[PDB]
Asker: 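What follows is a structure written as structure tokens; I'll ask about it next.
Here is the naming used below: chain letters follow the sequence lines, and residue numbers restart at 1 for every chain.
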Amino acid sequence: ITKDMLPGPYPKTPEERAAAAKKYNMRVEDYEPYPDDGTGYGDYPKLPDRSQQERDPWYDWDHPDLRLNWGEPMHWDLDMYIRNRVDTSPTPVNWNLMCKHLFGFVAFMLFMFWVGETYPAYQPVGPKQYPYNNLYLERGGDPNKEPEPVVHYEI
Amino acid sequence: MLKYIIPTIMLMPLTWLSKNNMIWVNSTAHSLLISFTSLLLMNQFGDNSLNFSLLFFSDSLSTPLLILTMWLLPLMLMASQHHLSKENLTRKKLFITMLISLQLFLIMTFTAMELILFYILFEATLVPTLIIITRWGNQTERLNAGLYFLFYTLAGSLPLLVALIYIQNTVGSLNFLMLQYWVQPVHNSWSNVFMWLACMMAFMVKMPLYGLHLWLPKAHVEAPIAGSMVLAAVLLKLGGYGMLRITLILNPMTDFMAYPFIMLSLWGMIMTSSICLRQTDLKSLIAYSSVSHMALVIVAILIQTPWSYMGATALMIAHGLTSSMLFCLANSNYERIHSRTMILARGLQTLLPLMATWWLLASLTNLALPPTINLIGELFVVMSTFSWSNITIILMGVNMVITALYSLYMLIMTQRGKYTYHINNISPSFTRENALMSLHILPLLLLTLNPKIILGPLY
Amino acid sequence: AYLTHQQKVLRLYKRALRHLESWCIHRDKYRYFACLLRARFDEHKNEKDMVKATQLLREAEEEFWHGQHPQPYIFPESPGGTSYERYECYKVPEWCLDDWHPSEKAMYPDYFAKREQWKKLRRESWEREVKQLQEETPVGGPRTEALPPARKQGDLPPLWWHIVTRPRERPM
Amino acid sequence: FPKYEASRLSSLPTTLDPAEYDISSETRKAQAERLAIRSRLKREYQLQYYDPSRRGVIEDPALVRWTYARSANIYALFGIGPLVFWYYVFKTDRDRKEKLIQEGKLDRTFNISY
Amino acid sequence: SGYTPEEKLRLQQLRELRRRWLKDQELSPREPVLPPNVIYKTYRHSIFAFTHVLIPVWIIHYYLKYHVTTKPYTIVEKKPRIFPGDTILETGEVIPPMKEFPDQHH
Amino acid sequence: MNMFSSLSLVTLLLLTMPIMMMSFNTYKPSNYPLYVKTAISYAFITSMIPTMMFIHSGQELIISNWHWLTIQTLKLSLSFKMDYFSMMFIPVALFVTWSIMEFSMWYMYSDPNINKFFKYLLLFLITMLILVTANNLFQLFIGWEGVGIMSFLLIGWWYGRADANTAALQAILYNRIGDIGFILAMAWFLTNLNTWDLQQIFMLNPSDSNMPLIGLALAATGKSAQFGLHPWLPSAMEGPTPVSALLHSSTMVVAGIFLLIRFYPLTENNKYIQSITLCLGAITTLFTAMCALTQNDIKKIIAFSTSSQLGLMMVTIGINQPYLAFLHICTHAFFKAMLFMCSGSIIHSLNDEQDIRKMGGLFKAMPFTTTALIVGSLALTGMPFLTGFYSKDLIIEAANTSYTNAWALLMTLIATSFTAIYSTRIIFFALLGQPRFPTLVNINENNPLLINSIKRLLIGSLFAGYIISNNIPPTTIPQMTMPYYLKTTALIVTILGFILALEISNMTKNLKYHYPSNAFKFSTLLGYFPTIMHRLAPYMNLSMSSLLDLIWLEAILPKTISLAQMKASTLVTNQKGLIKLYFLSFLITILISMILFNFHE
Ligand SMILES: CCCCCCCCCCCCO[C@@H]1O[C@H](CO)[C@@H](O[C@H]2O[C@H](CO)[C@@H](O)[C@H](O)[C@H]2O)[C@H](O)[C@H]1O
Ligand SMILES: CCCCCCCCCCCCO[C@@H]1O[C@H](CO)[C@@H](O[C@H]2O[C@H](CO)[C@@H](O)[C@H](O)[C@H]2O)[C@H](O)[C@H]1O
Ligand SMILES: CCCCCCCCCCCCO[C@@H]1O[C@H](CO)[C@@H](O[C@H]2O[C@H](CO)[C@@H](O)[C@H](O)[C@H]2O)[C@H](O)[C@H]1O
Ligand SMILES: CCCCCCCCCCCCO[C@@H]1O[C@H](CO)[C@@H](O[C@H]2O[C@H](CO)[C@@H](O)[C@H](O)[C@H]2O)[C@H](O)[C@H]1O
């Protein structure tokens, strides 16, 4: 495509805004550049940060999977907003409330797992008894040393 | 090495004196025979390297690179003959001559016993590569890509030349075998710090080290397929091979001079992998993938352990075959849709079912699926780097997660989903294209049956 | 929104009933509440103050958002349903048949004879279709995506090929 | 009813948006103008998509502008910042480990692979 | 609401073409034109057993018997459990029984 | 040993010949699915001969047949461990896989790529057997990642579907995060013990195993979909029902538990790891059973049941009962794979309908599906003397007669009650009541392939628990003395779950209209974990790519370098061409040469 149809520097004047919008197939009212600050966007339009999942599924798009039409300006982060990646569609619950309930559930569970560790359950039973000095030799004890015997009595 | 140098030169008369319609048949047929004879280099011994003469020698590090180099020439002719089909006959022969001269310099680079001989051949590869990119590239930006490639390399090589000539003056020799016995420790001083930087920064640029990597995506995006195959498969490995040889004479100073360059590689590999997730150009994605994979090789070479050199050796071979395959796969699409945009042509598995199997196999090797040599090499570096410092396992582990994400994302974007409605020129895969991918993937998978021959001299 | 007030109310009605049906599950229960909901719409059906009607709608939307099922029923092949796009991997475009090898085309001598007739019909009609659009599109370009019907006999409706020849919904 | 509160990752529903209502002659004239642009572009695409003799790609200038704008700005988490942070973590870790090895206080009884 | 007369007419026209197109997807009788009880089941499972079990097990056994087990520590068995009163086949040794049980019971 | 060793290898070799014939293309695609189904059925029989030998004389052996590679002092071989766990899992896996493939011959009959589907099912089973029989961690890693990739290719079977590609990649993402721990384990074992082979790891018996065991625990979390890395398993319901059946029973999801069972000689001496795994399992079993209470998609309900059951297995690991956890793997394999096949029978008959709200009245319309679904639900809930009783009942008694975290125990009992609640939910809405499906009735379940495949798994769901529990050798002291109220806990809470679930289910028939509680939404929306994390984490990462760096950049930029050379060039070359000015500069050069640099001195 001719050089005049490629992106350029940040627009400065109303005519540099008017020409940029026409280049991007946008209404001049709807055209808004990224704020000038050297980051490198240029005159590329700043389109709403909305996922492609949010677009009408029944409309006959030119690209049905991307839900894009041929010729419309692509969002700067379109590859981040394809239907396989970031989704921004509304949720039945508020975002802040989801975060509070989800974190609260996890924080509460960890608290009670700590209480469980401090006050474990167990049965009213003495320690298990093993013969031959707590199985000294079976557990790899060195035989040359003579271990202090462990003695178990009946009851 | 004359049993390989002379036959390689004979590829030039053969191409120039071949009948007009037979240049691609003859060059490919006889370059494959040279690749067949390259297997005789695998007469390796446990203790001594294979030292042919005063000029050339081969050990377990140069042999796999030599076999990879000579295997690649016939593959680049297959990849090249389509987009050159309308080229003037003489200019076809010159293009093939540039590839032959590149193999000639490369096999001598990897076998040179004298480091200054290595440097001249190491630096001679620039000329054919630069000519290929700027003459047979298809876009305006091929001229800037040529200059960046040229001046990034020379910026590091010229300091290297001074350091090598200094070393021969004070040691008396630059023969690699001699330097193994006459090496002396390098002590702390600002003079030795800059001798260390000169000896290494030329190789770091070719790897490339993160920070000095920006010439690589430029060159790849603008180079022809054959230029991308050699550049990714072999030319990046020149830096790794140079670092594996030069670090012999930089101890023990490498203990603390490595730190900044390990940090760049450990962090750089995470960032380059993440960048691959947002690349819009297919060739540029594969280029940034190499930077991520070659950062492992830099870390492995710098920590200097037996396991890290075996891992680095395997990585270089494995990445060479994988990256070359990925570029050829993206070229097969480009020859159809004539664009490098990854999102342009989607759902190709429907239209090109067998080419979708090659895409799957290439992606799996890129993410290093066990027991591929891509994993074996990557695993050995992780094992040794964990010993170097346990905390690195976090960065190593994260990189494997991100590497999986963009490898399969590139597979899903181009091969799955719905096909692009208006693109109606996706002709069935040619026998030439299918054979080209099988010649990458079959040898790569066969080496799993016998990986010792790609594990280098410390095996 | 492009939709008129009348269109907005109807879409809410259909949406409200469907989410009500998800809550009730049982058909007898759903029938009872569906009639109560229809009563609420019928109550203000004749409101003539478009500021009150607009208010009634906006409040209704807020109530729906509070009462919507978090997991409403979706028809399996509707967007979001469990079979949505399940068959897209079996839909092959018809232009792929041009690349078939002669030996492949020889197994269907009669299908590929009919196919040529359609291709001929497409070739012969195209020029007229382009002309019809040019002499019906107002200066400056179209204002809507609606396309015209054919007027003369022996004319096909403009831009018909990719609609008529599209893949079947169960292509394999 | 508790009002909807919109986040970056959870946008506001259209049905809950005051703008969508209160139709104004200017907003409709803006909506009618956008539809004209979309229909103009759709006709441009359709006259090539439906052309019997077109075999190839319908180059989209919108996609060319997108890739071109994305690939241009070649050159925190991108400077010395991350590097210095990680330098001290590994230097600190390897300094402690080296001291323990020298003091024989690090167990490497069976460590012979490195 | 409904279709406008032009909207209705266009759908009618595309409808005729679409249904004729779908009718043309049917295959003629000759198409495709290809180029040039227990006894049966028992045979079918006899061949599968022979090719997929007997031949593989012949190859495995030859491999394990004459190539794997001839190398040290290639196949390692957990040694057999010996119980009181057992007899060793190799050495003919008898293992003593256990001592008399205290003989609690219930 | 000759018959034992030889036959345990032909089992594995037999599964690969169908793969070799497809790849070598000397086969016959006339009936490839039947060929693959036949191969499993024979491999199951050949695997029973080694198993009987183990049952009889406790025979176990290791086969290290091929020396692959030596790395200085680390020698790697193709090494197969045919022990208690391998000899009991292989026949159970092959028996269930035999049923799934027979069911697949009916369910996927109209799929044009049926041959590829059965090729992928077989490769999916082959990697699971590599994983199960691996004697060293490298060969185990081959199987670990093998099942991961085969899950990816089968979850995303319908690759035109965008949600199937999202779900397939999400399985890779979570499982690959788990592999960070797996690589951590291999690194620690190589560094500290000099081995990846299990025999040497157990012989050296490291005392300081906190690091390697956390690595294996993190690996098990992703593979077994424990809390934190859990969402992918419900999302894996994108794949065809046969994939869900095989994925959730005798392949991928139990590899995480199976990995921790392999390393019980280490974990049994590490109380820190036991507490971590107990609490991880306890939260997983509660959280995913709570989610199942309000799911309306039949596959998702069964999927969340599997996560709940996998948590219970992880709890069993935590209370130091490795063999109970293994027995639950084997028993769960029968009835879970049957429930997924019973659900597939319903989905197929109701024209791809999966939502339970549009089912009902199937109790008599689908008699055989109904019988298997009740047996399956009773087996799952721990009905006395069905397959699931012989593991779940033992596990609960062990847990509540153990020195354990009290919160972990309570959450495991409540989750057990929830198991009855969501089992009633499937039975009540799918089978009881009046039909709620569309009018054109196509209910048909008379295919012999469907009947036989479910019939065999039905028989396993009844007696398999009894058969296995009576043949395995004892390896622990089973605690059989406890108060009546600890012995009968599992039965009681399960019964209360049935009663409580029945009342709520009947409560939906009333003409009442209710607003969702925050609790109802929280369960329905899976705790908001997928809603938050799957938007926030991808967004932070995908959008992830000071004055000091300004100097390090602006100074070293190629633009900076190239643009200073342009200034210097212009200064050098922008001259007036005047003899007067050039010779005036010759004068200055000479003066400063002498006065300033003393070049004449
Ligand atoms: C055996 C049971 C096992 C599972 C037990 C799980 C217990 C988990 C309890 C977590 C509680 C966290 O959730 C808590 O709920 C209330 C109810 O809205 C929230 O309250 C929130 O909602 C409304 C407004 O929206 C207001 O009440 C309040 O201003 C607001 O904060 C709290 O902000 C939140 O902290
Ligand atoms: C970091 C280690 C090695 C660094 C080596 C750096 C030395 C310089 C190497 C590149 C030299 C290229 O020299 C020249 O540079 C500029 C930009 O850089 C290019 O010019 C390009 O960029 C400039 C500004 O960025 C634009 O005004 C111009 O329109 C564009 O074509 C020239 O086409 C190229 O001829
Ligand atoms: C990519 C960038 C990489 C950056 C790497 C930075 C590494 C920094 C290395 C610092 C070590 C330099 O070398 C260090 O300095 C001087 C050499 O002049 C030596 O010391 C010598 O000079 C100093 C002068 O201050 C005297 O005090 C001292 O009497 C003398 O022996 C030190 O004993 C040596 O250890
Ligand atoms: C580390 C050492 C590396 C050594 C590398 C070798 C140095 C070679 C220096 C070549 C510099 C001359 O190259 C010249 O650079 C300027 C940079 O402004 C470019 O200038 C370009 O951008 C500038 C503004 O940025 C424009 O005014 C100009 O129109 C445009 O051409 C020229 O197009 C290029 O011709």
Asker: Determine whether B:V234 and B:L65 satisfy the following criterion, side-chain contact (heavy atoms from CB on, under 4.5 Å), listing intermediate values before the conclusion.
Answerer: CA-CA 8 Å; B:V234 174; B:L65 291 158; over 6 Å; no
Asker: Is it true that a side-chain atom of B:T63 and a backbone atom of B:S60 form a donor plus acceptor pair closer than 3.5 Å?
Answerer: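 Not at all, since once roles are kept as given, no pair shorter than 3.5 Å links the two residues.
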Asker: Among residues at least two apart in sequence or on other chains, which ones pass side-chain contact (heavy atoms from CB on, under 4.5 Å) with B:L364?
Answerer: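 side-chain contact (heavy atoms from CB on, under 4.5 Å) check on B:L364 returns B:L360, B:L367, B:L369, F:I149.
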Asker: Report yes or no: do B:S407 and B:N366 form a side-chain donor-acceptor pair below 3.5 Å?
Answerer: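 There is such a pair (donor and acceptor under 3.5 Å, judged by atom type) between the side chains of B:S407 and B:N366.
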Asker: Report yes or no: is the cationic atom of B:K206 (NZ for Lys, CZ for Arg) closer than 6.0 Å to the six-membered ring centre of B:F122, at no more than 45° off its axis?
Answerer: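 Positive - B:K206 is close enough to the ring of B:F122 and near enough to its axis.
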Asker: Compute whether any side-chain donor of one residue and acceptor of the other, for F:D197 and F:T195, lie under 3.5 angstrom apart.
Answerer: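 No - no donor-acceptor pair under 3.5 Å links their side chains.
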Asker: Nearest 0.5 Å please: distance from the CG atom of B:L164 over to the CD1 atom of B:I246.
Answerer: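 One gets 5.5 Å once the value is rounded to the nearest 0.5 Å.
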Asker: Go through the structure and list residues passing ring-ring contact (aromatic ring centres under 6.0 Å, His included) with B:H440, not counting sequence neighbours.
Answerer: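 Scan of B:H440 (ring-ring contact (aromatic ring centres under 6.0 Å, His included), adjacent residues dropped) gives none.
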Asker: side-chain contact (heavy atoms from CB on, under 4.5 Å), that's the test. Do B:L375 and B:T372 meet it? Break it down for me.
Answerer: CA-CA 5 Å; B:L375 179 85; B:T372 61; 4.0 Å; yes
Asker: Give a yes or no answer on whether the side chain of B:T365 reaches the backbone of B:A368 with a donor-acceptor pair at less than 3.5 Å.
Answerer: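 No.
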Asker: For the pair B:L106 and B:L66, evaluate side-chain contact (heavy atoms from CB on, under 4.5 Å) and give the outcome as yes or no after the intermediate values.
Answerer: CA-CA 8 Å; B:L106 281 170; B:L66 281 154; over 6 Å; no
Asker: Quick check against the 3.5 Å criterion: does B:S273 have a side-chain atom that pairs as donor or acceptor with the backbone of B:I402?
Answerer: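 Not at all, since once roles are kept as given, no pair shorter than 3.5 Å links the two residues.
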Asker: For the pair B:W359 and B:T414, evaluate side-chain hydrogen bond (donor to acceptor under 3.5 Å, both in side chains) and give the outcome as yes or no after the intermediate values.
Answerer: CA-CA 9 Å; B:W359 272 100; B:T414 69; 5.1 Å; no
Asker: Using a 3.5 Å distance criterion without hydrogens, assess whether the side chain of B:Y288 forms a donor-acceptor pair with backbone atoms of B:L277.
Answerer: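 No, the answer is negative, given that no donor and acceptor are paired below the 3.5 Å cut-off.
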Asker: Please determine whether the number of non-hydrogen atoms from other residues, nucleotides or ligands lying under 6.0 Å from atom CZ of B:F36 exceeds 12.
Answerer: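 No, not enclosed.
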Asker: Output yes when a side-chain donor or acceptor of F:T191 lies under 3.5 Å from a complementary backbone atom of F:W188, and no otherwise.
Answerer: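 No, the answer is negative, given that no donor and acceptor are paired below the 3.5 Å cut-off.
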Asker: Step by step, work out the side-chain contact (heavy atoms from CB on, under 4.5 Å) result for B:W358 and B:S438.
Answerer: CA-CA 8 Å; B:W358 300 136; B:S438 54; 4.0 Å; yes
Asker: Does a side-chain N-to-carboxylate-O contact under 4.0 Å join B:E222 and B:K283?
Answerer: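 Between B:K283 and B:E222 there is no salt bridge, as every charged N stays at least 4.0 Å from the carboxylate O atoms.
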Asker: Do D:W86 and B:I391 have side-chain heavy atoms sitting under 4.5 Å apart?
Answerer: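 Yes; the side chains approach each other to less than 4.5 Å.
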Asker: Are B:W388 and D:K97 packed together at the side-chain level, in the sense that at least one heavy-atom pair is separated by less than 4.5 angstrom?
Answerer: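 SC-SC contact between B:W388 and D:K97 ruled out.
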Asker: Start with the C-alpha distance between B:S289 and B:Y406, add both sets of side-chain angles, then the distance that settles side-chain hydrogen bond (donor to acceptor under 3.5 Å, both in side chains), and finish with yes or no.
Answerer: CA-CA 9 Å; B:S289 181; B:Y406 74 78; 2.8 Å; yes
Asker: What's the separation between atom CE in B:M243 and atom CZ in B:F203, rounded to the nearest 0.5 Å?
Answerer: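 Going from the CE atom of B:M243 to the CZ atom of B:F203 covers 9.0 Å.
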Asker: With sequence neighbours excluded, tell me which residues meet side-chain contact (heavy atoms from CB on, under 4.5 Å) with B:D255.
Answerer: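 For B:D255 the side-chain contact (heavy atoms from CB on, under 4.5 Å) partners, ignoring immediate neighbours, are B:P252.
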Asker: In terms of ring plane angle, is the pair B:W307 and B:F380 parallel, tilted or perpendicular, where the classes change at 30° and 60°?
Answerer: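 Answer is tilted, since the angle falls between 30° and 60°.
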Asker: Shortest non-hydrogen contact from B:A79 to B:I225?
Answerer: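 The answer is O-CG2, 3.3 Å.
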Asker: Determine whether a donor-acceptor pair (N or O, by modelled atom type, separation under 3.5 Å) exists between the side chain of B:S35 and the backbone of B:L32.
Answerer: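 Side chain of B:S35 to backbone of B:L32: no pair is present.
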Asker: Which value, rounded to the nearest 0.5 Å, describes the distance between F:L74 atom CG and F:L69 atom CG?
Answerer: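 If we round to the nearest 0.5 Å, F:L74:CG and F:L69:CG are 8.5 Å apart.
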Asker: Between B:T247 and B:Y309, is there a side-chain donor-acceptor contact under 3.5 Å, judged purely by atom types and distance?
Answerer: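 Short answer, yes.
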Asker: Is the backbone of B:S384 close enough, under 3.5 Å, to the side chain of B:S387 for a donor and an acceptor to pair up by distance?
Answerer: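 Absent.
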Asker: I need the minimum non-hydrogen distance between B:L214 and B:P217, along with the two atoms involved.
Answerer: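 The pair with the smallest heavy-atom distance is O-CD, 3.6 Å.
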Asker: Just grab all the salt bridge (charged side-chain N to carboxylate O under 4.0 Å, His left out) pairs involving residues 234-253 of chain B, residues at least two apart or on different chains.
Answerer: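 Found B:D59-B:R245.
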Asker: Which one of B:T69, B:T125, B:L73, B:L72 satisfies the side-chain contact (heavy atoms from CB on, under 4.5 Å) criterion with B:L102?
Answerer: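 It is B:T125; the other options fail the test.
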Asker: Are B:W267 and D:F90, when compared by the centres of their aromatic rings, separated by less than 6.0 Å?
Answerer: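 Judged by ring-centre distance (under 6.0 Å), B:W267 and D:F90 do not meet the cut-off.
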Asker: If you compare all heavy atoms of B:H319 against all heavy atoms of B:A232, which two are closest, and at what distance to 0.1 Å?
Answerer: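 Closest approach of B:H319 to B:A232, heavy atoms only: CE1-O, 3.9 Å.
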Asker: If you define the side chain from C-beta out and look only at heavy atoms, does anything of F:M186 sit under 4.5 Å from B:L379?
Answerer: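 Yes - at least one pair of side-chain heavy atoms lies under 4.5 Å apart.
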Asker: Please check: side-chain N/O of B:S284 versus main-chain N/O of B:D281, any donor-acceptor pairing under 3.5 Å?
Answerer: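 Flag not set: sc B:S284 to bb B:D281 has no pair under 3.5 Å.
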Asker: Exactly one of B:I298, B:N399, B:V398, B:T403 should register a side-chain contact (heavy atoms from CB on, under 4.5 Å) with B:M269. Which one does?
Answerer: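 With B:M269 as partner, side-chain contact (heavy atoms from CB on, under 4.5 Å) holds for just one option, B:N399.
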Asker: Would you check if B:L248 and B:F176 make a side-chain contact, meaning some heavy-atom pair closer than 4.5 Å?
Answerer: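 In contact.
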Asker: Do you see a donor-acceptor pair shorter than 3.5 Å between the side chains of F:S545 and B:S274?
Answerer: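 No.
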Asker: Mind listing the closest non-hydrogen atom pair of B:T153 and B:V205 along with its distance?
Answerer: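 The pair with the smallest heavy-atom distance is N-CG1, 4.4 Å.
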Asker: Using a cut-off of 6.0 Å, state whether more than 12 heavy atoms not belonging to D:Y114 lie near its atom OH.
Answerer: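 Result for OH/D:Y114: open.
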Asker: What residues form a side-chain contact (heavy atoms from CB on, under 4.5 Å) with B:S363, not counting sequence neighbours?
Answerer: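 Counting only residues at least two positions away or on another chain, B:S363 forms a side-chain contact (heavy atoms from CB on, under 4.5 Å) with B:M410, B:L411.
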Asker: Any donor-acceptor pair under 3.5 Å linking the side-chain atoms of B:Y259 with those of D:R94?
Answerer: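 Yes, side-chain donor-acceptor contact under 3.5 Å.
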Asker: Can F:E145 and F:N175 be counted as having a side-chain donor-acceptor contact under 3.5 angstrom?
Answerer: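 No pair is found: no donor N or O on one side chain lies under 3.5 Å from an acceptor on the other.
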Asker: I need the minimum non-hydrogen distance between B:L302 and B:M204, along with the two atoms involved.
Answerer: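 Where B:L302 meets B:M204 most closely, the heavy atoms are CD1-CE, 4.1 Å.
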Asker: Is the distance from the ring center of F:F138 to that of F:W68 below 6.0 Å?
Answerer: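 Here the rings of F:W68 and F:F138 have centres that are less than 6.0 Å from each other.
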Asker: Would you say that B:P208 contacts B:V291 through its side chain, given a criterion of any heavy-atom pair below 4.5 Å between the two side chains?
Answerer: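 When only atoms from C-beta onward are counted, B:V291 and B:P208 do touch, with a gap below 4.5 Å.
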Asker: Given 3.5 Å as the limit, does a donor-acceptor pair link the side chain of B:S324 with the main chain of B:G320, or not?
Answerer: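 Side chain of B:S324 to backbone of B:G320, a donor-acceptor pair under 3.5 Å: no, none is there.
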Asker: Contact between B:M400 and F:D179 at the side-chain level, heavy atoms closer than 4.5 Å - yes or no?
Answerer: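 The answer is no; the side chains never approach within 4.5 Å.
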Asker: Does a side-chain heavy-atom distance below 4.5 Å link B:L216 with B:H220?
Answerer: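 Counting from C-beta outward, B:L216 and B:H220 do come under 4.5 Å.
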Asker: Return the minimal non-hydrogen interatomic distance between F:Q139 and F:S77, and the atom names on each side.
Answerer: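 Residues F:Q139 and F:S77, closest heavy atoms: OE1-O, 3.8 Å.
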Asker: With a cut-off of 3.5 Å and sequence neighbours excluded, list every side-chain donor-acceptor pair involving residues 450-459 of chain B.
Answerer:
residue	atom	partner	partner atom	Å
B:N450	OD1	B:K452	NZ	3.1

Asker: I want to check something: taking the side chain as every heavy atom from C-beta on, are B:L68 and B:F110 in contact at a cut-off of under 4.5 Å?
Answerer: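 When only atoms from C-beta onward are counted, B:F110 and B:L68 do not touch, as no gap falls below 4.5 Å.
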Asker: Supply the atom-to-atom distance B:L238 CG to B:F118 CZ, rounded to the nearest 0.5 angstrom.
Answerer: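 Result: 6.0 Å between the selected atoms.
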